[PDB]
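# Summary of structural features
One letter stands for each residue in the lines below.
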Amino acid sequence: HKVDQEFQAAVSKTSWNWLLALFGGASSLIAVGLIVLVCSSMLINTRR
Amino acid sequence: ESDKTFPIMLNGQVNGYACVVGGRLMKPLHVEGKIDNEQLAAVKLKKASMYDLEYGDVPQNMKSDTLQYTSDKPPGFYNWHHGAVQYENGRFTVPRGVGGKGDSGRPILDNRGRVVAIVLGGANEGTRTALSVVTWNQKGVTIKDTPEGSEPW
Amino acid sequence: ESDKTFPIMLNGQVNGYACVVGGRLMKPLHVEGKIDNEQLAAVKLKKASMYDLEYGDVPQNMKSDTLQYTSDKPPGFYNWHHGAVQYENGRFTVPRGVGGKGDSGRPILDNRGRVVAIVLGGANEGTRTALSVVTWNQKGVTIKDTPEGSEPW
């Protein structure tokens, strides 16, 4: 072989697709709970 | 009167009290022990630790005996377990150093036979004892009021 | 009252009642039997399975003797077949041990005698039973309500 497998490219775009897809969604709500906390707290501070 | 409300018990201390309002048991969360009305202990609680309170639906067999809360909070006297409290400047205020620790979960009642709020514990600047308490917004928003540095009772 | 409403007979055993309001005839769906009015018994009824209620129309001669209902619905005391009945906080109540099975379809009337609710059933408990009943929105749109653990009568 005249080349060595750069792991950054060993995953095909068609396969790397799933990695870059599933690693995003898992985090999708990590901040949303705190966002809801902020919203409810500022609503209280607006009405308290 | 308040006999439709009951003490939580631990170590032999009436370490707090609890109220049946709107068909839900309410008790302070920071206070642990046996609620003296043993039927209330069959209820499984849900918690609101930011409010330091927890609640659960009281059994139907006596749920119609529950007290009911108010939207009304005009300034003035309200009947309390230690006689009355003066609601003023939009705050529950008590004479400097009266009542106190042991009253967690004690209700404060509308003269019409309704409950205006539930106390958590007090503070005092000197002029008056300031009360930390959970109350109600005119549209039913439950809101905890707590003067700064308020101690648990 | 019983002057403008009729019982339902099952095998000649009374098991409920039917009420005419605005000339519309209403009957509790779970009360198997026939309305005790042969001039009405020929009516054809439409039903509301979510309301457990079905309805029809009275003959043109008796349109004048129908009840009428309104949504003004002030809080507090009301009258019932067994006398005093009460409503507040979105619940209708009557002392424990009155009503129950075989007594659904009963109307609730204001001082003016205007009807505001008709009984579907309820839960028997504590000081006051928790009635399950049909009512109306402030705008007069019907609403049927069933407190937790209520049962049809």
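Quick note: structure is the one above.
Everything in this summary refers to the structure shown in the same document.

Conventions we followed
Residues numbered from 1 in each chain as written, not as in the entry; some residues may be left out. Chains lettered and ligands numbered in written order. Part of a larger assembly, values for the part shown. Heavy atoms only, no water. Helix = DSSP H or I, 4+ residues; strand = E, 2+ residues; numbered from the N terminus. Areas by Shrake-Rupley, 256 points an atom, 1.4 Å probe, with all protein chains shown as cover. Buried < 20%, exposed > 50% of the residue type's maximum accessible area, 1.4 Å probe, protein only. Polar contact = N/O pair within 3.5 Å; in protein donor to acceptor, adjacent residues only side chain to side chain. Contact = heavy atoms within 4.5 Å. Buried area = accessible area lost by both parts, 1.4 Å probe. Salt bridge = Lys/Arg side-chain N within 4 Å of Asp/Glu carboxyl O. Nonpolar A, V, L, I, M, F, W, Y, C, P; charged D, E, K, R; others polar. Patch = residues over 30% accessible without salt bridge, like charges linked within 9 Å, V, L, I, M, F, W, Y side chains within 5 Å. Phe/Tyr/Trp six-rings, centres within 6.5 Å; stacked < 30°, edge-to-face > 60°. 1 Å grid on protein atoms, 1.4 Å probe; cavity = no way out; pocket = protein on both sides within 12 Å on 5 of 7 lines; lining within 4 Å. Points joined across faces, edges and corners; volume = space filled by probe spheres on them. Pairing = 2+ DSSP bridges. Least-squares fit on C-alpha atoms. Core = buried A, V, L, I, M, F, W, Y, C linked by side-chain atoms within 4.5 Å.

### Notes on the overall build of chain A
Along the backbone of chain A there are 3 helices and 0 strands. Walking chain A from its N terminus toward its C terminus, one meets helices and strands in the order α-α-α. In terms of its C-alpha atoms, chain A occupies a principal-axis envelope of roughly 70 × 15 × 10 Å. If you sum the accessible surface of chain A, you get close to 4,700 Å²; carbon and sulfur atoms cover 67% of it.

### Some points on the side chain of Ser 104 of chain C
All names here are of chain C. Within the secondary structure layout, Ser 104 lies in the loop between strand 9 (91-95) and strand 10 (107-109). For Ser 104, a relative accessible area of 0% translates into the label buried. Here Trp 153 takes part through its backbone oxygen, which lies 2.5 Å from a polar atom of the side chain of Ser 104. Setting aside residues no more than four positions away along its own chain, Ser 104 makes contact with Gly 16, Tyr 17, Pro 28, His 30, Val 31, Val 119, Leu 120, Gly 121 and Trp 153.

### Considerations on the interface of chain C and chain B
With 7 residues of chain C at the contact, the number on the chain B side is 7 residues. Summed over both sides, the interface between chain C and chain B buries roughly 520 Å², with carbon and sulfur atoms accounting for 41% of that surface. Three residues, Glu 125, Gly 126 and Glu 148 of chain C, lead the burial of chain C against chain B; their summed loss comes to 61% of the area buried on that side. Run the count over chain C and chain B and you get 1 salt bridge. Note that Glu 125 of chain C and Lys 63 of chain B form a salt bridge whose closest N and O atoms lie 2.3 Å from each other. On the surface where chain C and chain B come into contact, there are 6 residue pairs in polar contact. Within the side of chain C that touches chain B, the residues separate by chemical class into 1 nonpolar, 3 polar and 3 charged.

### Digging into a nonpolar patch on the surface
Residue and element names in this part refer to chain A. A cluster of nonpolar side chains, namely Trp 18, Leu 19, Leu 20, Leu 22 and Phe 23, defines an oily patch on the protein surface of about 630 Å² accessible area. Mapped onto the elements of the fold, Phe 23 is located in helix 2 (residues 13-25). Judged by relative accessible area, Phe 23 falls into the exposed class, the value being 66%.

### Structural notes on the packing of aromatic side chains
Taken as a whole and judged by the stated rule, the model has 8 aromatic pairs over all chains. Relative to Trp 153 of chain B, the ring of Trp 80 of chain B lies with its centre 6.4 Å away and its plane at 35°, an arrangement referred to as tilted. Remark: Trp 153 of chain B occurs in the segment after strand 13 (142-145) and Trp 80 of chain B occurs in strand 7 (residues 76-80); sequence separation between them is 73 residues. Judged by relative accessible area, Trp 80 of chain B falls into the buried class, the value being 8%. With a relative accessible area of 8%, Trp 153 of chain B lands in the buried category. For the pair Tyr 78 of chain C and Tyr 87 of chain C, a centre-to-centre distance of 6.4 Å together with 65° between the ring planes defines the contact as edge-to-face.

### With respect to the layout of surface pockets
By volume, the largest pocket is sized at about 1,100 Å³. Lining of the largest pocket is provided by 33 residues; of these, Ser 64, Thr 66, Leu 67 and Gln 68 of chain B together with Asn 89 of chain C occupy positions nearest its centre. Within the residue set of the lining of the largest pocket, elements represented by two or more residues are helix 1 (60-63) of chain B together with strand 7 (76-80), strand 8 (83-88), strand 9 and strand 12 (128-136) of chain C. Element by element, the count of residues in the lining of the largest pocket is highest for strand 12 of chain C, at 4 residues. Across the lining of the largest pocket, the residue classes break down as 9 nonpolar, 13 polar and 11 charged.

### A word on the sheet that holds strand 1 (residues 5-10) of chain C
Residue and element names in this part refer to chain C. Read from one edge of the open sheet, 6 strands run 4-1-2-3-6-5, paired in antiparallel fashion. The outermost strands of the open sheet, each flanked by one partner alone, are strand 4 (34-35) and strand 5 (46-48). Sheet topology places strand 1 next to strand 2 (residues 13-21); 6 bridges connect them, and they run antiparallel. Its bridge partner being in strand 2, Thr 5 is matched across the sheet by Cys 19.

### Focus: the relation of the copies chain C and chain B
The second copy of the chain is related to the first by a rotation about an axis and a shift along the axis. Expressed as a screw operation, the relation of chain C to chain B combines 0.9 Å of axial shift with a rotation of 63°, fitting to an RMSD of 1.2 Å. Such values leave the two copies arranged in the relation of a six-fold axis.

### Looking at the nonpolar core
Residues and elements named next belong to chain C. If you look at the biggest cluster of nonpolar residues, it comprises 14 residues, and the most contacted ones within it are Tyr 78, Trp 80, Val 85, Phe 92, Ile 108, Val 119 and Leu 131. Residue assignment for this core shows that the elements contributing at least two residues are strand 7, strand 8, strand 9, strand 11 (115-123) and strand 12. It is strand 11 that provides the largest number of residues to this core, a total of 3 residues. With residues near it in sequence (within four places) discarded, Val 85 still touches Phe 77, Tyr 78, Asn 79, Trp 80, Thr 93, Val 94, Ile 108, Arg 128 and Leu 131.

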